[PDB]
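Coming up is one lone chain in C-alpha cells, specifically the form deposited in one PDB entry.
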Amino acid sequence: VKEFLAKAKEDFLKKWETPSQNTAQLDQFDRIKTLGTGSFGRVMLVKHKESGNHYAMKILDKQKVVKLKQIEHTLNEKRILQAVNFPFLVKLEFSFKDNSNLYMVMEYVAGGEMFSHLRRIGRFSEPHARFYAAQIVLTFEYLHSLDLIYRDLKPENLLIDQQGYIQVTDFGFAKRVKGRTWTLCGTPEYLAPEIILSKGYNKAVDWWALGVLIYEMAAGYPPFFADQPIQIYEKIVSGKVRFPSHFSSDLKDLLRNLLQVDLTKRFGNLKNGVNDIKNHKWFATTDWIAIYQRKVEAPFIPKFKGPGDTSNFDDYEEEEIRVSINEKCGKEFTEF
C-alpha cells in the first residue's frame, strides 16, 4: 500500500499544481433531465453530441456562489476532483464555465443513490453493508494520504455503478489541509461532535461519518435522528448510541470505536491509523485487495435498461439554464 500511495501522491500533486481547465463547452451537450438539485444549482443527465456518451453535469451559479461566500469551497471541489484518481471516486470528464455558470461534467452513474435503495429496501444485511463500507475505508485511506478531508459522507452522495460498486460524488466540501480546519459544514446526521462544538477538527471527522454510514446502512436509520438539526446535534454531542437487536457483537464493537467522541480513542485516528479498522473482526471476511480490484461479488446490481436511463433517480422540477450576455464574477473564478 505504502508503495501505491506514494505513486498516487505524485500523480495527484502534478494535477493539483497544474489543474486542467476549459476542456469543453455548453453547446457540446444536450441536456436531458435533472438528477438532483442543490443550493447553487443542479446536476443534469446530458448526452455529449460528438461521442453520444451520457454524463452528469453539475451546474453552479457564479453570482450565487459569490454572494453566499462559497467561492473557496467551489474552487476546492473542482481543483480536487480533477486531480484525484481511485476506483470508487466518480471521474470528472470535462469542466468549463460561461458568463453565468460553472460546469463539472462527471461520468454518469446510472444505478442511482445508495440512499434510494437503502430507503426502499429498508436496511442492508451486514455482509451487504460491509461490502460498501470496505470501499469507503479504502477511499478515505487514499484521500487522507493526500491531505484531503472529504466532509460529506452520506448515502445521497454514494452512487451504485453497473457493477454494483460505489462511486463517490459531491466533493463540495473536500479540502486539502495539513492539520486542523474549522468550517461548520457537512450534513446534520453525519457531523462529528468536534465539528458541532466549533473546536477545530481533522480527518477524524470522516471516520466518525463512516461510523454513522455503517450504522445507517445496517439499521435502516441513523444513530442520531430527529425532526430538527438542532435536536440532532444535542444527541450527537451527548454521545449515547443505541444499537438495534439484530446488530452483531462485532458490528457494535466497531461502531463504538468509530462513533467515539474521544479523539484519542477514535479508530482511524490512532497510531495504527486505518489498520485498526481494516483489521477489526467485523472486516475479517473482507479481502481488501479483491475489493480494490473490483473482483468481489457485488451483493446487488441495479437494473438498468440502456444508457440514459434515469429510472433509478427521483424526478425533479426542470428549469431553463440561463446564460447572461454579460460575464459574471470573472475574477473570482479565474482558476476554474
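Between two forms, the rigid core is defined as the largest C-alpha subset superposing within 1.5 Å. When you see a residue number, it is the position in the sequence shown, counting from 1.
In what follows, reference is made to the form deposited in another entry, a form of this protein that is not presented.
Only one candidate in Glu194, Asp161, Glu93, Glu141 has its Cα displaced by 2 Å or more between the shown form and the other one after core superposition: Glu93.
Relative to the superposed core, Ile277 undergoes a Cα shift smaller than 2 Å between the shown form and the other one. Fitting the two forms on the rigid core leaves the C-alpha of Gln260 displaced by under 2 angstroms between the shown form and the other one.
Residue displacement note: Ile59 has its CA displaced by at least 2 Å between the shown form and the other one (rigid core superposed). In summary, the C-alpha positions of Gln162 and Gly52 converge in the other entry, ending up at least 3 angstroms nearer each other than in this conformation.
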